[PDB]
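A.B. asks: So here's final-v3.cif (mmCIF, C-alpha atoms (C1' of nucleotides)).
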```cif
data_start
loop_
_atom_site.group_PDB
_atom_site.id
_atom_site.type_symbol
_atom_site.label_atom_id
_atom_site.label_comp_id
_atom_site.auth_asym_id
_atom_site.auth_seq_id
_atom_site.Cartn_x
_atom_site.Cartn_y
_atom_site.Cartn_z
ATOM 1 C CA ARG A 316 -61.966 23.346 41.387
ATOM 2 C CA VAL A 317 -60.466 22.487 44.781
ATOM 3 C CA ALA A 318 -63.121 20.508 46.663
ATOM 4 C CA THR A 319 -62.786 18.598 49.934
ATOM 5 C CA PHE A 320 -65.481 16.548 51.663
ATOM 6 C CA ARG A 321 -65.262 17.031 55.440
ATOM 7 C CA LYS A 322 -67.770 15.385 57.789
ATOM 8 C CA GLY A 323 -66.710 14.384 61.296
ATOM 9 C CA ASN A 324 -63.455 12.483 60.806
ATOM 10 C CA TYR A 325 -63.947 11.589 57.127
ATOM 11 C CA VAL A 326 -61.742 13.558 54.722
ATOM 12 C CA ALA A 327 -62.009 13.091 50.958
ATOM 13 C CA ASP A 328 -61.022 15.342 48.053
ATOM 14 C CA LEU A 329 -63.486 15.539 45.158
ATOM 15 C CA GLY A 330 -61.114 17.379 42.823
ATOM 16 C CA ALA A 331 -57.555 18.050 43.971
ATOM 17 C CA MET A 332 -55.276 16.376 46.505
ATOM 18 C CA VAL A 333 -52.371 14.577 44.805
ATOM 19 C CA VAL A 334 -49.383 16.383 43.310
ATOM 20 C CA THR A 335 -46.622 15.126 40.977
ATOM 21 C CA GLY A 336 -43.497 15.623 43.091
ATOM 22 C CA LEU A 337 -41.571 18.266 45.033
ATOM 23 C CA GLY A 338 -38.494 18.675 42.816
ATOM 24 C CA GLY A 339 -38.789 22.197 41.443
ATOM 25 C CA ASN A 340 -42.468 22.400 42.375
ATOM 26 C CA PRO A 341 -43.493 25.621 44.171
ATOM 27 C CA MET A 342 -45.932 23.371 46.067
ATOM 28 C CA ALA A 343 -42.994 22.281 48.243
ATOM 29 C CA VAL A 344 -42.701 25.844 49.548
ATOM 30 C CA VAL A 345 -46.491 26.040 49.905
ATOM 31 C CA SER A 346 -46.271 22.908 52.054
ATOM 32 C CA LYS A 347 -43.532 24.606 54.086
ATOM 33 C CA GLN A 348 -45.819 27.653 54.435
ATOM 34 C CA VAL A 349 -49.298 26.147 54.894
ATOM 35 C CA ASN A 350 -49.749 23.229 57.297
ATOM 36 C CA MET A 351 -49.799 20.367 54.771
ATOM 37 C CA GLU A 352 -49.257 16.767 55.876
ATOM 38 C CA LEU A 353 -47.767 15.076 52.807
ATOM 39 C CA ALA A 354 -47.902 11.283 52.445
ATOM 40 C CA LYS A 355 -46.068 9.329 49.756
ATOM 41 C CA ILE A 356 -47.945 7.139 47.269
ATOM 42 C CA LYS A 357 -47.027 3.458 47.080
ATOM 43 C CA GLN A 358 -47.023 2.660 43.357
ATOM 44 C CA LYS A 359 -47.931 -0.999 44.016
ATOM 45 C CA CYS A 360 -51.324 -1.359 42.300
ATOM 46 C CA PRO A 361 -52.614 -4.936 42.005
ATOM 47 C CA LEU A 362 -55.146 -5.743 39.293
ATOM 48 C CA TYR A 363 -58.187 -8.005 39.625
ATOM 49 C CA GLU A 364 -60.418 -8.998 36.714
ATOM 50 C "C1'" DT B 1 6.790 -20.927 18.348
ATOM 51 C "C1'" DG B 2 3.882 -24.680 17.198
ATOM 52 C "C1'" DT B 3 1.780 -28.347 14.288
ATOM 53 C "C1'" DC B 4 1.322 -31.610 10.678
ATOM 54 C "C1'" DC B 5 3.385 -34.149 6.989
ATOM 55 C "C1'" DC B 6 6.843 -35.029 3.842
ATOM 56 C "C1'" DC B 7 10.817 -37.150 2.983
ATOM 57 C "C1'" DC B 8 14.921 -40.214 4.874
ATOM 58 C "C1'" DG B 9 16.546 -44.347 6.125
ATOM 59 C "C1'" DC B 10 16.202 -49.464 5.866
ATOM 60 C "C1'" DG B 11 14.617 -54.317 4.987
ATOM 61 C "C1'" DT B 12 12.457 -57.108 1.478
ATOM 62 C "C1'" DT B 13 10.611 -57.779 -3.242
ATOM 63 C "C1'" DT B 14 10.807 -56.965 -8.392
ATOM 64 C "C1'" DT B 15 12.972 -55.647 -12.760
ATOM 65 C "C1'" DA B 16 16.073 -54.947 -16.414
ATOM 66 C "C1'" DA B 17 20.605 -53.060 -16.971
ATOM 67 C "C1'" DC B 18 24.849 -54.887 -18.384
ATOM 68 C "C1'" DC B 19 28.105 -58.090 -20.524
ATOM 69 C "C1'" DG B 20 29.548 -61.484 -23.690
ATOM 70 C "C1'" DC B 21 29.228 -63.193 -28.407
ATOM 71 C "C1'" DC B 22 27.550 -63.829 -33.054
ATOM 72 C "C1'" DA B 23 25.142 -62.488 -37.425
ATOM 73 C "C1'" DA B 24 24.147 -58.925 -41.234
ATOM 74 C "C1'" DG B 25 23.515 -55.187 -44.224
ATOM 75 C "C1'" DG B 26 23.036 -49.972 -44.224
ATOM 76 C "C1'" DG B 27 25.424 -46.366 -45.278
ATOM 77 C "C1'" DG B 28 29.472 -43.600 -45.037
ATOM 78 C "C1'" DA B 29 34.110 -43.145 -46.994
ATOM 79 C "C1'" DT B 30 36.910 -43.140 -50.996
ATOM 80 C "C1'" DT B 31 38.013 -42.576 -56.179
ATOM 81 C "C1'" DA B 32 37.572 -41.498 -60.780
ATOM 82 C "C1'" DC B 33 35.380 -38.352 -64.305
ATOM 83 C "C1'" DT B 34 32.909 -34.339 -66.402
ATOM 84 C "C1'" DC B 35 30.923 -29.957 -66.655
ATOM 85 C "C1'" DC B 36 28.486 -26.346 -64.679
ATOM 86 C "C1'" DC B 37 29.418 -22.474 -61.926
ATOM 87 C "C1'" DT B 38 31.979 -18.935 -60.044
ATOM 88 C "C1'" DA B 39 36.465 -15.877 -59.696
ATOM 89 C "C1'" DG B 40 38.696 -12.818 -62.437
ATOM 90 C "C1'" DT B 41 38.842 -9.131 -66.016
ATOM 91 C "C1'" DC B 42 37.191 -5.315 -68.674
ATOM 92 C "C1'" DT B 43 33.730 -1.455 -70.071
ATOM 93 C "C1'" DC B 44 29.442 0.808 -69.179
ATOM 94 C "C1'" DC B 45 26.139 3.746 -66.222
ATOM 95 C "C1'" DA B 46 22.415 4.389 -63.065
ATOM 96 C "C1'" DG B 47 21.386 3.294 -58.413
ATOM 97 C "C1'" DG B 48 22.773 5.205 -54.185
ATOM 98 C "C1'" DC B 49 24.700 8.825 -51.331
ATOM 99 C "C1'" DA B 50 25.948 13.854 -49.983
ATOM 100 C "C1'" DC B 51 24.098 18.214 -49.888
ATOM 101 C "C1'" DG B 52 20.685 21.623 -49.608
ATOM 102 C "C1'" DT B 53 16.008 22.970 -48.252
ATOM 103 C "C1'" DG B 54 11.327 23.461 -46.845
ATOM 104 C "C1'" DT B 55 7.620 22.341 -43.125
ATOM 105 C "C1'" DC B 56 4.689 19.943 -40.211
ATOM 106 C "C1'" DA B 57 4.898 16.104 -36.481
ATOM 107 C "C1'" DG B 58 6.128 16.596 -32.143
ATOM 108 C "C1'" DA B 59 8.251 18.633 -27.905
ATOM 109 C "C1'" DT B 60 7.152 22.554 -24.361
ATOM 110 C "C1'" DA B 61 4.449 25.650 -21.457
ATOM 111 C "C1'" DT B 62 0.358 26.543 -19.285
ATOM 112 C "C1'" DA B 63 -4.499 25.928 -17.849
ATOM 113 C "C1'" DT B 64 -8.347 22.553 -16.409
ATOM 114 C "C1'" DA B 65 -10.830 18.496 -15.487
ATOM 115 C "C1'" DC B 66 -10.502 13.495 -13.549
ATOM 116 C "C1'" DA B 67 -8.883 9.947 -10.125
ATOM 117 C "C1'" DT B 68 -7.709 8.404 -5.846
ATOM 118 C "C1'" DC B 69 -5.765 8.129 -1.646
ATOM 119 C "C1'" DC B 70 -6.206 8.660 3.097
ATOM 120 C "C1'" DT B 71 -7.908 10.712 7.385
ATOM 121 C "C1'" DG B 72 -11.687 12.452 9.793
ATOM 122 C "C1'" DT B 73 -16.358 13.112 10.819
ATOM 123 C "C1'" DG B 74 -20.773 10.677 11.248
ATOM 124 C "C1'" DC B 75 -23.348 6.305 12.832
ATOM 125 C "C1'" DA B 76 -24.663 2.108 15.788
ATOM 126 C "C1'" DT B 77 -24.271 -1.000 19.585
ATOM 127 C "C1'" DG B 78 -22.742 -2.883 23.770
ATOM 128 C "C1'" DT B 79 -21.472 -2.014 28.302
ATOM 129 C "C1'" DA B 80 -20.708 0.286 32.587
ATOM 130 C "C1'" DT B 81 -22.313 3.529 35.951
ATOM 131 C "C1'" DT B 82 -25.611 5.885 38.664
ATOM 132 C "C1'" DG B 83 -30.056 7.469 40.357
ATOM 133 C "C1'" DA B 84 -34.439 6.209 41.822
ATOM 134 C "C1'" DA B 85 -38.003 3.458 43.345
ATOM 135 C "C1'" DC B 86 -39.504 -0.786 45.005
ATOM 136 C "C1'" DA B 87 -38.684 -3.621 48.973
ATOM 137 C "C1'" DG B 88 -36.866 -3.703 55.959
ATOM 138 C "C1'" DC B 89 -36.889 -2.867 61.473
ATOM 139 C "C1'" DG B 90 -37.895 -0.445 65.272
ATOM 140 C "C1'" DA B 91 -39.506 3.442 68.354
ATOM 141 C "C1'" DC B 92 -43.069 6.485 69.056
ATOM 142 C "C1'" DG B 93 -47.807 8.451 69.921
ATOM 143 C "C1'" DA B 94 -52.789 8.150 69.098
ATOM 144 C "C1'" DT B 95 -56.777 5.430 69.542
#
```
Transcribe the structure of this file into structure tokens.
C.D. replies:
Amino acid sequence: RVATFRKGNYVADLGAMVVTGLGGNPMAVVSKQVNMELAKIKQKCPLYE
DNA sequence: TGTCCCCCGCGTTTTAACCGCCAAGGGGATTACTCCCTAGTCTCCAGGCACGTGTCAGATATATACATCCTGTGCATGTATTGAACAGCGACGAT
């Protein structure tokens, strides 16, 4: 259930890509082991009707 | 110590206390007289007190239940502190 759409320069994850933090998460070590570029999420989410 | 008000002092206004003098009868003081009541005396005896006794109302000891008195937990709420998640600005490389 880990799917990633790769075509040319377009990258998009159809199942798994975001995590819920690095504090205590073994994913932090996985990121230190496997080349993972981690980008923070800006929680600003505007709403339009 | 601090406030508010309750008397104190003083001038002006109002009242009746006080004094002086006369007029009158109510009642207290005083006397004379009579008898009813109480002190004094005697004899008579039961009402009242000492003495003895028997016992139950009450003091004492011991066990339990009730009251209460006070301090120590809880609660709840407000506030202070701290962590985290919004927000720079600039230098760099990739496009």
A.B. asks: Please write as a list in words the full residue list that the PyMOL selection byres ((chain A) within 12 of (chain B)) yields on this file.
C.D. replies: residues 355, 356, 357, 358 and 359 of chain A
A.B. asks: Grab the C1' of residue 89 in chain B to CA of residue 351 in chain A distance for me, in Å with one decimal place.
C.D. replies: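 Going from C1' of residue 89 in chain B over to CA of residue 351 in chain A, I get 27.4 Å.
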A.B. asks: To one decimal place, how far is CA of residue 329 in chain A from CA of residue 352 in chain A in Å?
C.D. replies: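 These atoms are spaced 17.9 Å apart.
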A.B. asks: Using the file's own x, y and z axes, so that the box edges lie along x, y and z, what centre and edge lengths in Å (one decimal) does a box around every listed atom of range 339-347 of chain A get when 5 Å is added on each side? Give it as lines of an AutoDock Vina configuration file.
C.D. replies:
```
center_x = -42.6
center_y = 24.1
center_z = 47.8
size_x = 17.7
size_y = 13.8
size_z = 22.6
```
A.B. asks: Take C1' of residue 95 in chain B and CA of residue 330 in chain A and report the distance between them in Å, one decimal.
C.D. replies: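 Between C1' of residue 95 in chain B and CA of residue 330 in chain A the gap is 29.6 Å.
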A.B. asks: For this file, the PyMOL selection byres ((chain A and resi 319) around 12) selects which residues, as number ranges by chain?
C.D. replies: A: 316-318, 320-322, 325-332
